[PDB]
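Enquirer: Have a peek at data-v1.pdb (PDB, C-alpha atoms).
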ATOM      1  CA  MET X   1       0.000   0.000   0.000  1.00  0.00           C
ATOM      2  CA  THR X   2       2.196   2.738  -1.552  1.00  0.00           C
ATOM      3  CA  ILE X   3       2.357   4.228  -5.182  1.00  0.00           C
ATOM      4  CA  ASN X   4       4.179   0.976  -6.239  1.00  0.00           C
ATOM      5  CA  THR X   5       3.961   2.014  -9.932  1.00  0.00           C
ATOM      6  CA  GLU X   6       6.914   4.498  -9.671  1.00  0.00           C
ATOM      7  CA  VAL X   7       8.661   2.014  -7.343  1.00  0.00           C
ATOM      8  CA  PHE X   8       8.259  -0.924  -9.885  1.00  0.00           C
ATOM      9  CA  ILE X   9       9.717   1.465 -12.455  1.00  0.00           C
ATOM     10  CA  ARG X  10      12.534   2.182  -9.864  1.00  0.00           C
ATOM     11  CA  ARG X  11      13.197  -1.649  -9.116  1.00  0.00           C
ATOM     12  CA  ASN X  12      13.124  -2.296 -13.005  1.00  0.00           C
ATOM     13  CA  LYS X  13      15.453   0.727 -13.587  1.00  0.00           C
ATOM     14  CA  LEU X  14      17.390  -1.128 -10.871  1.00  0.00           C
ATOM     15  CA  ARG X  15      17.437  -4.296 -13.105  1.00  0.00           C
ATOM     16  CA  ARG X  16      18.830  -2.068 -15.970  1.00  0.00           C
ATOM     17  CA  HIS X  17      21.270  -0.376 -13.373  1.00  0.00           C
ATOM     18  CA  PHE X  18      22.085  -3.975 -12.144  1.00  0.00           C
ATOM     19  CA  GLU X  19      22.703  -5.322 -15.737  1.00  0.00           C
ATOM     20  CA  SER X  20      24.511  -2.260 -17.326  1.00  0.00           C
ATOM     21  CA  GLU X  21      26.804  -1.814 -14.261  1.00  0.00           C
ATOM     22  CA  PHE X  22      27.134  -5.724 -14.237  1.00  0.00           C
ATOM     23  CA  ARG X  23      28.474  -5.291 -17.845  1.00  0.00           C
ATOM     24  CA  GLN X  24      30.960  -2.817 -16.279  1.00  0.00           C
ATOM     25  CA  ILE X  25      32.062  -5.354 -13.528  1.00  0.00           C
ATOM     26  CA  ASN X  26      32.117  -8.390 -15.918  1.00  0.00           C
ATOM     27  CA  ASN X  27      34.044  -6.215 -18.506  1.00  0.00           C
ATOM     28  CA  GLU X  28      36.805  -5.630 -15.818  1.00  0.00           C
ATOM     29  CA  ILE X  29      36.622  -9.424 -15.006  1.00  0.00           C
ATOM     30  CA  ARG X  30      37.160 -10.383 -18.707  1.00  0.00           C
ATOM     31  CA  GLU X  31      40.037  -7.813 -19.254  1.00  0.00           C
ATOM     32  CA  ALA X  32      41.648  -8.101 -15.844  1.00  0.00           C
ATOM     33  CA  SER X  33      41.409 -11.888 -15.769  1.00  0.00           C
ATOM     34  CA  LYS X  34      43.029 -11.742 -19.294  1.00  0.00           C
ATOM     35  CA  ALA X  35      45.650  -9.211 -18.014  1.00  0.00           C
ATOM     36  CA  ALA X  36      46.210 -11.300 -14.771  1.00  0.00           C
ATOM     37  CA  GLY X  37      46.693 -14.329 -17.127  1.00  0.00           C
ATOM     38  CA  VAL X  38      43.780 -16.562 -16.119  1.00  0.00           C
ATOM     39  CA  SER X  39      40.839 -18.024 -18.145  1.00  0.00           C
ATOM     40  CA  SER X  40      38.125 -15.385 -18.370  1.00  0.00           C
ATOM     41  CA  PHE X  41      35.185 -16.214 -16.092  1.00  0.00           C
ATOM     42  CA  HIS X  42      31.459 -16.009 -17.015  1.00  0.00           C
ATOM     43  CA  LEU X  43      29.149 -14.300 -14.494  1.00  0.00           C
ATOM     44  CA  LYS X  44      25.648 -15.646 -13.800  1.00  0.00           C
ATOM     45  CA  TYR X  45      23.431 -14.715 -10.842  1.00  0.00           C
ATOM     46  CA  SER X  46      20.234 -16.185  -9.349  1.00  0.00           C
ATOM     47  CA  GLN X  47      17.347 -13.656  -9.899  1.00  0.00           C
ATOM     48  CA  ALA X  48      15.562 -14.566  -6.546  1.00  0.00           C
ATOM     49  CA  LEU X  49      18.761 -13.392  -4.610  1.00  0.00           C
ATOM     50  CA  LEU X  50      18.768 -10.486  -6.940  1.00  0.00           C
ATOM     51  CA  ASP X  51      14.964  -9.998  -6.420  1.00  0.00           C
ATOM     52  CA  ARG X  52      16.094  -9.412  -2.740  1.00  0.00           C
ATOM     53  CA  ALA X  53      18.616  -6.729  -3.937  1.00  0.00           C
ATOM     54  CA  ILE X  54      16.044  -5.450  -6.540  1.00  0.00           C
ATOM     55  CA  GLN X  55      13.228  -4.834  -3.959  1.00  0.00           C
ATOM     56  CA  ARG X  56      14.889  -4.625  -0.482  1.00  0.00           C
ATOM     57  CA  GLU X  57      17.869  -2.569  -1.640  1.00  0.00           C
ATOM     58  CA  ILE X  58      16.047  -0.621  -4.469  1.00  0.00           C
ATOM     59  CA  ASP X  59      18.343   1.654  -6.703  1.00  0.00           C
ATOM     60  CA  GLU X  60      21.360   0.108  -4.819  1.00  0.00           C
ATOM     61  CA  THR X  61      23.836   1.192  -7.401  1.00  0.00           C
ATOM     62  CA  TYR X  62      26.127   1.817  -4.272  1.00  0.00           C
ATOM     63  CA  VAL X  63      26.252  -2.028  -4.612  1.00  0.00           C
ATOM     64  CA  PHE X  64      27.877  -1.408  -8.012  1.00  0.00           C
ATOM     65  CA  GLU X  65      30.205   1.306  -6.570  1.00  0.00           C
ATOM     66  CA  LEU X  66      31.549  -1.064  -3.845  1.00  0.00           C
ATOM     67  CA  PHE X  67      31.859  -3.888  -6.593  1.00  0.00           C
ATOM     68  CA  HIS X  68      33.402  -1.309  -9.069  1.00  0.00           C
ATOM     69  CA  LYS X  69      35.908  -0.677  -6.202  1.00  0.00           C
ATOM     70  CA  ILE X  70      35.813  -4.586  -5.556  1.00  0.00           C
ATOM     71  CA  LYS X  71      36.836  -5.085  -9.114  1.00  0.00           C
ATOM     72  CA  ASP X  72      40.514  -5.992  -8.622  1.00  0.00           C
ATOM     73  CA  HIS X  73      39.042  -8.779  -6.419  1.00  0.00           C
ATOM     74  CA  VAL X  74      38.831 -10.297  -9.987  1.00  0.00           C
ATOM     75  CA  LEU X  75      42.383 -11.467  -8.733  1.00  0.00           C
ATOM     76  CA  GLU X  76      40.912 -13.290  -5.659  1.00  0.00           C
ATOM     77  CA  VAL X  77      38.324 -15.106  -7.880  1.00  0.00           C
ATOM     78  CA  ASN X  78      41.311 -15.594 -10.289  1.00  0.00           C
ATOM     79  CA  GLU X  79      43.802 -16.892  -7.588  1.00  0.00           C
ATOM     80  CA  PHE X  80      40.839 -19.214  -6.761  1.00  0.00           C
ATOM     81  CA  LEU X  81      41.027 -20.463 -10.540  1.00  0.00           C
ATOM     82  CA  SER X  82      44.944 -20.213 -10.642  1.00  0.00           C
ATOM     83  CA  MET X  83      45.538 -23.433  -8.540  1.00  0.00           C
ATOM     84  CA  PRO X  84      47.078 -26.844  -9.834  1.00  0.00           C
ATOM     85  CA  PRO X  85      44.553 -29.541 -11.368  1.00  0.00           C
ATOM     86  CA  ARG X  86      41.321 -30.146  -9.218  1.00  0.00           C
ATOM     87  CA  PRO X  87      41.875 -33.909  -9.306  1.00  0.00           C
ATOM     88  CA  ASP X  88      45.245 -35.386  -8.356  1.00  0.00           C
ATOM     89  CA  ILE X  89      43.330 -38.615  -7.701  1.00  0.00           C
ATOM     90  CA  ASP X  90      39.612 -39.380  -7.957  1.00  0.00           C
ATOM     91  CA  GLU X  91      39.400 -40.622  -4.301  1.00  0.00           C
ATOM     92  CA  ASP X  92      40.258 -37.516  -2.292  1.00  0.00           C
ATOM     93  CA  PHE X  93      40.618 -35.344  -5.427  1.00  0.00           C
ATOM     94  CA  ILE X  94      41.580 -31.869  -4.140  1.00  0.00           C
ATOM     95  CA  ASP X  95      44.968 -32.470  -2.823  1.00  0.00           C
ATOM     96  CA  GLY X  96      46.031 -28.986  -3.985  1.00  0.00           C
ATOM     97  CA  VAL X  97      43.229 -27.639  -1.732  1.00  0.00           C
ATOM     98  CA  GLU X  98      44.120 -27.477   1.985  1.00  0.00           C
ATOM     99  CA  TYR X  99      40.340 -27.412   2.863  1.00  0.00           C
ATOM    100  CA  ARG X 100      38.799 -24.198   1.287  1.00  0.00           C
ATOM    101  CA  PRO X 101      35.045 -23.242   0.727  1.00  0.00           C
ATOM    102  CA  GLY X 102      33.230 -23.175  -2.702  1.00  0.00           C
ATOM    103  CA  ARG X 103      32.474 -19.420  -2.559  1.00  0.00           C
ATOM    104  CA  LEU X 104      34.277 -16.085  -2.110  1.00  0.00           C
ATOM    105  CA  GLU X 105      32.743 -13.724   0.524  1.00  0.00           C
ATOM    106  CA  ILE X 106      33.876 -10.059   0.397  1.00  0.00           C
ATOM    107  CA  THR X 107      32.736  -7.178   2.842  1.00  0.00           C
ATOM    108  CA  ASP X 108      33.331  -3.550   3.782  1.00  0.00           C
ATOM    109  CA  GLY X 109      31.478  -0.174   3.966  1.00  0.00           C
ATOM    110  CA  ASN X 110      28.018  -1.473   4.748  1.00  0.00           C
ATOM    111  CA  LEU X 111      27.994  -3.971   1.803  1.00  0.00           C
ATOM    112  CA  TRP X 112      28.116  -7.799   1.927  1.00  0.00           C
ATOM    113  CA  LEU X 113      28.972  -8.661  -1.756  1.00  0.00           C
ATOM    114  CA  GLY X 114      29.699 -12.455  -2.435  1.00  0.00           C
ATOM    115  CA  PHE X 115      30.581 -14.504  -5.583  1.00  0.00           C
ATOM    116  CA  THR X 116      29.978 -18.337  -5.865  1.00  0.00           C
ATOM    117  CA  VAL X 117      31.537 -20.592  -8.670  1.00  0.00           C
ATOM    118  CA  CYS X 118      29.273 -22.489 -11.102  1.00  0.00           C
ATOM    119  CA  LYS X 119      28.250 -25.205  -8.550  1.00  0.00           C
ATOM    120  CA  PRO X 120      26.490 -28.003 -10.674  1.00  0.00           C
ATOM    121  CA  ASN X 121      29.697 -29.480 -12.481  1.00  0.00           C
ATOM    122  CA  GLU X 122      33.463 -30.563 -12.076  1.00  0.00           C
ATOM    123  CA  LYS X 123      34.409 -27.142 -10.656  1.00  0.00           C
ATOM    124  CA  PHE X 124      37.380 -26.259 -12.789  1.00  0.00           C
ATOM    125  CA  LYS X 125      39.061 -24.042 -10.134  1.00  0.00           C
ATOM    126  CA  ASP X 126      36.877 -20.966 -10.834  1.00  0.00           C
ATOM    127  CA  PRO X 127      35.739 -20.116 -14.469  1.00  0.00           C
ATOM    128  CA  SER X 128      32.192 -19.188 -13.960  1.00  0.00           C
ATOM    129  CA  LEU X 129      30.252 -17.629 -11.035  1.00  0.00           C
ATOM    130  CA  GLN X 130      26.656 -18.998 -10.444  1.00  0.00           C
ATOM    131  CA  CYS X 131      25.454 -16.355  -7.938  1.00  0.00           C
ATOM    132  CA  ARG X 132      26.775 -12.860  -7.393  1.00  0.00           C
ATOM    133  CA  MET X 133      25.254 -12.134  -3.923  1.00  0.00           C
ATOM    134  CA  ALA X 134      24.754  -8.431  -3.346  1.00  0.00           C
ATOM    135  CA  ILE X 135      23.091  -7.670   0.078  1.00  0.00           C
ATOM    136  CA  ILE X 136      23.563  -4.451   2.156  1.00  0.00           C
ATOM    137  CA  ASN X 137      22.585  -2.678   5.246  1.00  0.00           C
ATOM    138  CA  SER X 138      21.404   1.018   4.663  1.00  0.00           C
ATOM    139  CA  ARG X 139      18.665   3.656   5.267  1.00  0.00           C
ATOM    140  CA  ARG X 140      15.280   2.239   4.240  1.00  0.00           C
ATOM    141  CA  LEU X 141      17.142  -0.959   3.959  1.00  0.00           C
ATOM    142  CA  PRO X 142      16.114  -4.306   5.742  1.00  0.00           C
ATOM    143  CA  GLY X 143      19.845  -4.916   6.583  1.00  0.00           C
ATOM    144  CA  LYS X 144      21.829  -8.238   6.878  1.00  0.00           C
ATOM    145  CA  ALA X 145      25.193  -9.021   8.677  1.00  0.00           C
ATOM    146  CA  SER X 146      27.146 -12.345   8.137  1.00  0.00           C
ATOM    147  CA  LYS X 147      29.739 -12.174  11.035  1.00  0.00           C
ATOM    148  CA  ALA X 148      32.116 -10.321   8.699  1.00  0.00           C
ATOM    149  CA  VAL X 149      34.657 -10.896   5.836  1.00  0.00           C
ATOM    150  CA  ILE X 150      36.834  -8.657   3.418  1.00  0.00           C
ATOM    151  CA  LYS X 151      36.604  -5.949   0.482  1.00  0.00           C
ATOM    152  CA  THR X 152      39.097  -6.100  -2.265  1.00  0.00           C
ATOM    153  CA  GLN X 153      42.156  -7.088  -0.537  1.00  0.00           C
TER     154      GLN X 153
END
Translate the structure described by the file into structure tokens.
Expert:
Amino acid sequence: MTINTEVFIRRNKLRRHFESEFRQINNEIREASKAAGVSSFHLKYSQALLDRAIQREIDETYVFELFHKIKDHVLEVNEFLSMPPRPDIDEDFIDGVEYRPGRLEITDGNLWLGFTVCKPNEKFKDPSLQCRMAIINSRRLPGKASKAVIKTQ
């Protein structure tokens, strides 16, 4: 019960803000991952997660500013791909992994911005993301806190 018309237009303008500024972040990931010397990784996000950033965190372009500053954290998602072969064996497989998680979790300046590899496969170090998790705490904002992680390091 609000004039949800102009707001729908604002959350949609958010989906264009989300996608056009996501072309800015994935364009640094393609060029920087090429310039850092690793693969090139393809970005995909789950639109329900994003429906949370689209309606709870409406016109959260600040999201984009923290991830446009997070950008060099292409290197952390890259150093995550840059490891020796995933199998060394088929039994215990990840012998080059000293027990690490399947996602990257980055925080600072009110933003909890996370990236998860393409999860349904072989998981070839890191050459896709299947979830870019953008969730804040703000003004109007319904605000989440994860126990805390780090910003591009």
Enquirer: I need every residue sitting at most 12 Å from the point (46.6, -25.0, -8.2) (coordinates as in the file, only C-alpha atoms considered), written as a VMD selection string.
Expert: chain X and resid 38 78 to 88 94 to 98 124 to 126
Enquirer: Around (23.7, -15.6, -11.7), as given in the file, which residues come within 10 Å? Count all atoms listed in the file and list them as an MDAnalysis selection string.
Expert: chainID X and resid 42:50 115:118 128:133
Enquirer: Rank nothing, just name the residue among X:89, X:63, X:70, X:53 nearest to residue 12 of chain X, using only C-alpha atoms.
Expert: X:53
Enquirer: Can you list, as a PyMOL selection string, every protein, DNA or RNA residue that comes within 10 Å of residue 108 of chain X when you count all atoms listed in the file, leaving out same-chain residues fewer than 5 positions away?
Expert: chain X and resi 66+70+113+136+148-152
Enquirer: Enter the distance from atom CA of residue 30 of chain X to atom CA of residue 110 of chain X, in Å, rounded to one decimal.
Expert: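 Between atom CA of residue 30 of chain X and atom CA of residue 110 of chain X the gap works out to 26.7 Å.
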Enquirer: Excluding residue 64 of chain X and any residue of its chain fewer than 3 positions from it, enumerate the residues within 8 Å of it, using all atoms listed in the file, and give them as number ranges by chain.
Expert: X: 18, 21-22, 25, 60-61, 67-68
Enquirer: When you draw a straight line from atom CA of residue 100 of chain X to atom CA of residue 73 of chain X, how long is it in Å?
Expert: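 Interatomic distance here is 17.2 Å.
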Enquirer: When you count all atoms listed in the file, which of these residues is closest to residue 103 of chain X: X:77, X:135, X:31, X:122?
Expert: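 Closest residue, counting all atoms listed in the file: X:77.
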Enquirer: From the options X:36, X:58, X:29, X:111, which residue's atoms come nearest to residue 10 of chain X, counting all atoms listed in the file?
Expert: X:58
Enquirer: Find the axis-aligned box for segment 99-109 of chain X, covering all its listed atoms and adding 8 Å on each side, and write its centre and edge lengths in Å to one decimal as lines of an AutoDock Vina configuration file.
Expert:
center_x = 35.9
center_y = -13.8
center_z = 0.6
size_x = 24.9
size_y = 43.2
size_z = 22.7
Enquirer: Could you jot down the atom CA of residue 41 of chain X to atom CA of residue 75 of chain X separation for me, Å, one decimal place?
Expert: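 Going from atom CA of residue 41 of chain X over to atom CA of residue 75 of chain X, I get 11.3 Å.
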Enquirer: So which one's closest to residue 141 of chain X, X:127, X:56, X:119, X:105? Using only C-alpha atoms, please.
Expert: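 Ranking X:127, X:56, X:119, X:105 by distance to residue 141 of chain X, first place goes to X:56.
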Enquirer: Let me make sure I understand: among X:140, X:102, X:134, X:20, which one has the smallest atom-to-atom distance to residue 52 of chain X if we use all atoms listed in the file?
Expert: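 Residue with the minimum atom-to-atom distance to residue 52 of chain X: X:134.
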Enquirer: Go through X:65, X:92, X:51, X:76 and flag the residue nearest residue 24 of chain X, using all atoms listed in the file for the distances.
Expert: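 Closest residue, counting all atoms listed in the file: X:65.
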Enquirer: From the coordinates supplied, segment 63-98 of chain X should be written with N, CA, C and O atoms, as an mmCIF file, in the first residue's frame.
Expert:
data_model
loop_
_atom_site.group_PDB
_atom_site.id
_atom_site.type_symbol
_atom_site.label_atom_id
_atom_site.label_comp_id
_atom_site.auth_asym_id
_atom_site.auth_seq_id
_atom_site.Cartn_x
_atom_site.Cartn_y
_atom_site.Cartn_z
ATOM 1 N N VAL X 63 26.015 -0.594 -4.345
ATOM 2 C CA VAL X 63 26.252 -2.028 -4.612
ATOM 3 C C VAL X 63 27.340 -2.229 -5.634
ATOM 4 O O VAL X 63 28.387 -2.799 -5.346
ATOM 5 N N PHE X 64 27.069 -1.602 -6.811
ATOM 6 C CA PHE X 64 27.877 -1.408 -8.012
ATOM 7 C C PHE X 64 29.115 -0.599 -7.773
ATOM 8 O O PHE X 64 30.142 -0.934 -8.323
ATOM 9 N N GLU X 65 29.090 0.437 -6.904
ATOM 10 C CA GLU X 65 30.205 1.306 -6.570
ATOM 11 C C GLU X 65 31.228 0.594 -5.696
ATOM 12 O O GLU X 65 32.409 0.537 -6.030
ATOM 13 N N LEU X 66 30.761 -0.139 -4.651
ATOM 14 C CA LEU X 66 31.549 -1.064 -3.845
ATOM 15 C C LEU X 66 32.099 -2.259 -4.651
ATOM 16 O O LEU X 66 33.252 -2.616 -4.457
ATOM 17 N N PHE X 67 31.351 -2.867 -5.636
ATOM 18 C CA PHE X 67 31.859 -3.888 -6.593
ATOM 19 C C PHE X 67 32.692 -3.394 -7.793
ATOM 20 O O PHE X 67 33.468 -4.135 -8.383
ATOM 21 N N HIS X 68 32.608 -2.083 -8.105
ATOM 22 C CA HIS X 68 33.402 -1.309 -9.069
ATOM 23 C C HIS X 68 34.705 -0.844 -8.409
ATOM 24 O O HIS X 68 35.687 -0.549 -9.080
ATOM 25 N N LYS X 69 34.732 -0.843 -7.045
ATOM 26 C CA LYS X 69 35.908 -0.677 -6.202
ATOM 27 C C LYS X 69 36.440 -2.071 -5.856
ATOM 28 O O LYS X 69 37.636 -2.245 -5.672
ATOM 29 N N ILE X 70 35.558 -3.135 -5.827
ATOM 30 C CA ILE X 70 35.813 -4.586 -5.556
ATOM 31 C C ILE X 70 36.455 -5.269 -6.687
ATOM 32 O O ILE X 70 36.948 -6.378 -6.613
ATOM 33 N N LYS X 71 36.478 -4.601 -7.819
ATOM 34 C CA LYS X 71 36.836 -5.085 -9.114
ATOM 35 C C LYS X 71 38.115 -5.861 -9.327
ATOM 36 O O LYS X 71 38.164 -6.789 -10.127
ATOM 37 N N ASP X 72 39.170 -5.477 -8.574
ATOM 38 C CA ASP X 72 40.514 -5.992 -8.622
ATOM 39 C C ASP X 72 40.553 -7.317 -7.871
ATOM 40 O O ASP X 72 41.423 -8.163 -8.052
ATOM 41 N N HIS X 73 39.455 -7.552 -7.071
ATOM 42 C CA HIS X 73 39.042 -8.779 -6.419
ATOM 43 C C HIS X 73 38.640 -9.806 -7.479
ATOM 44 O O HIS X 73 38.634 -11.002 -7.154
ATOM 45 N N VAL X 74 38.583 -9.363 -8.835
ATOM 46 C CA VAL X 74 38.831 -10.297 -9.987
ATOM 47 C C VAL X 74 40.039 -11.251 -9.793
ATOM 48 O O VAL X 74 39.903 -12.428 -10.091
ATOM 49 N N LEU X 75 41.177 -10.762 -9.176
ATOM 50 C CA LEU X 75 42.383 -11.467 -8.733
ATOM 51 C C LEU X 75 42.165 -12.522 -7.673
ATOM 52 O O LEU X 75 42.801 -13.557 -7.709
ATOM 53 N N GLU X 76 41.242 -12.324 -6.705
ATOM 54 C CA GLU X 76 40.912 -13.290 -5.659
ATOM 55 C C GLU X 76 40.066 -14.434 -6.203
ATOM 56 O O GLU X 76 40.312 -15.604 -5.911
ATOM 57 N N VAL X 77 39.114 -14.112 -7.123
ATOM 58 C CA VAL X 77 38.324 -15.106 -7.880
ATOM 59 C C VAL X 77 39.182 -15.847 -8.954
ATOM 60 O O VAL X 77 39.084 -17.050 -9.219
ATOM 61 N N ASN X 78 40.200 -15.122 -9.457
ATOM 62 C CA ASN X 78 41.311 -15.594 -10.289
ATOM 63 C C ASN X 78 42.337 -16.473 -9.619
ATOM 64 O O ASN X 78 42.678 -17.505 -10.188
ATOM 65 N N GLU X 79 42.857 -16.127 -8.399
ATOM 66 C CA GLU X 79 43.802 -16.892 -7.588
ATOM 67 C C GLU X 79 43.149 -18.176 -7.085
ATOM 68 O O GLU X 79 43.793 -19.215 -7.005
ATOM 69 N N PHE X 80 41.788 -18.107 -6.898
ATOM 70 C CA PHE X 80 40.839 -19.214 -6.761
ATOM 71 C C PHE X 80 40.824 -20.136 -8.027
ATOM 72 O O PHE X 80 40.952 -21.339 -7.862
ATOM 73 N N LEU X 81 40.785 -19.632 -9.312
ATOM 74 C CA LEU X 81 41.027 -20.463 -10.540
ATOM 75 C C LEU X 81 42.499 -20.931 -10.755
ATOM 76 O O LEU X 81 42.786 -22.010 -11.254
ATOM 77 N N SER X 82 43.491 -20.103 -10.390
ATOM 78 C CA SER X 82 44.944 -20.213 -10.642
ATOM 79 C C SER X 82 45.722 -21.361 -9.986
ATOM 80 O O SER X 82 46.944 -21.429 -10.088
ATOM 81 N N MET X 83 45.017 -22.272 -9.265
ATOM 82 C CA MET X 83 45.538 -23.433 -8.540
ATOM 83 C C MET X 83 45.978 -24.593 -9.467
ATOM 84 O O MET X 83 45.663 -24.562 -10.658
ATOM 85 N N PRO X 84 46.727 -25.646 -9.037
ATOM 86 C CA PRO X 84 47.078 -26.844 -9.834
ATOM 87 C C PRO X 84 45.838 -27.688 -10.262
ATOM 88 O O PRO X 84 44.742 -27.248 -9.917
ATOM 89 N N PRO X 85 45.803 -28.849 -10.973
ATOM 90 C CA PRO X 85 44.553 -29.541 -11.368
ATOM 91 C C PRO X 85 43.680 -29.960 -10.173
ATOM 92 O O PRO X 85 44.228 -30.348 -9.140
ATOM 93 N N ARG X 86 42.312 -29.863 -10.283
ATOM 94 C CA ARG X 86 41.321 -30.146 -9.218
ATOM 95 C C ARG X 86 41.454 -31.574 -8.714
ATOM 96 O O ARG X 86 41.767 -31.768 -7.542
ATOM 97 N N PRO X 87 41.290 -32.596 -9.552
ATOM 98 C CA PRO X 87 41.875 -33.909 -9.306
ATOM 99 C C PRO X 87 43.400 -34.058 -9.428
ATOM 100 O O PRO X 87 44.047 -33.652 -10.395
ATOM 101 N N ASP X 88 43.894 -34.832 -8.455
ATOM 102 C CA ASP X 88 45.245 -35.386 -8.356
ATOM 103 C C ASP X 88 45.186 -36.918 -8.264
ATOM 104 O O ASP X 88 46.182 -37.635 -8.277
ATOM 105 N N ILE X 89 43.944 -37.379 -8.050
ATOM 106 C CA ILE X 89 43.330 -38.615 -7.701
ATOM 107 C C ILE X 89 41.883 -38.372 -8.014
ATOM 108 O O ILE X 89 41.493 -37.244 -8.313
ATOM 109 N N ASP X 90 41.063 -39.428 -7.850
ATOM 110 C CA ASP X 90 39.612 -39.380 -7.957
ATOM 111 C C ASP X 90 38.996 -39.676 -6.596
ATOM 112 O O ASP X 90 37.814 -39.443 -6.367
ATOM 113 N N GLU X 91 39.814 -40.218 -5.650
ATOM 114 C CA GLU X 91 39.400 -40.622 -4.301
ATOM 115 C C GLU X 91 39.176 -39.507 -3.297
ATOM 116 O O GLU X 91 38.176 -39.443 -2.592
ATOM 117 N N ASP X 92 40.163 -38.617 -3.223
ATOM 118 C CA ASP X 92 40.258 -37.516 -2.292
ATOM 119 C C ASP X 92 40.300 -36.198 -3.021
ATOM 120 O O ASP X 92 40.260 -35.119 -2.437
ATOM 121 N N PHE X 93 40.430 -36.316 -4.359
ATOM 122 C CA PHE X 93 40.618 -35.344 -5.427
ATOM 123 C C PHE X 93 41.511 -34.119 -5.265
ATOM 124 O O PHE X 93 42.612 -34.050 -5.804
ATOM 125 N N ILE X 94 41.016 -33.150 -4.502
ATOM 126 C CA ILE X 94 41.580 -31.869 -4.140
ATOM 127 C C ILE X 94 42.491 -31.925 -2.944
ATOM 128 O O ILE X 94 42.210 -31.693 -1.778
ATOM 129 N N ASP X 95 43.676 -32.223 -3.422
ATOM 130 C CA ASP X 95 44.968 -32.470 -2.823
ATOM 131 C C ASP X 95 45.801 -31.214 -2.847
ATOM 132 O O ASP X 95 46.623 -30.959 -1.972
ATOM 133 N N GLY X 96 45.514 -30.345 -3.855
ATOM 134 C CA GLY X 96 46.031 -28.986 -3.985
ATOM 135 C C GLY X 96 45.230 -27.990 -3.178
ATOM 136 O O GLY X 96 45.616 -26.831 -3.045
ATOM 137 N N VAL X 97 44.083 -28.429 -2.597
ATOM 138 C CA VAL X 97 43.229 -27.639 -1.732
ATOM 139 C C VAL X 97 43.372 -28.194 -0.326
ATOM 140 O O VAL X 97 43.019 -29.320 0.002
ATOM 141 N N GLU X 98 43.868 -27.328 0.557
ATOM 142 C CA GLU X 98 44.120 -27.477 1.985
ATOM 143 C C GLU X 98 42.896 -27.169 2.869
ATOM 144 O O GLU X 98 42.992 -26.584 3.946
#
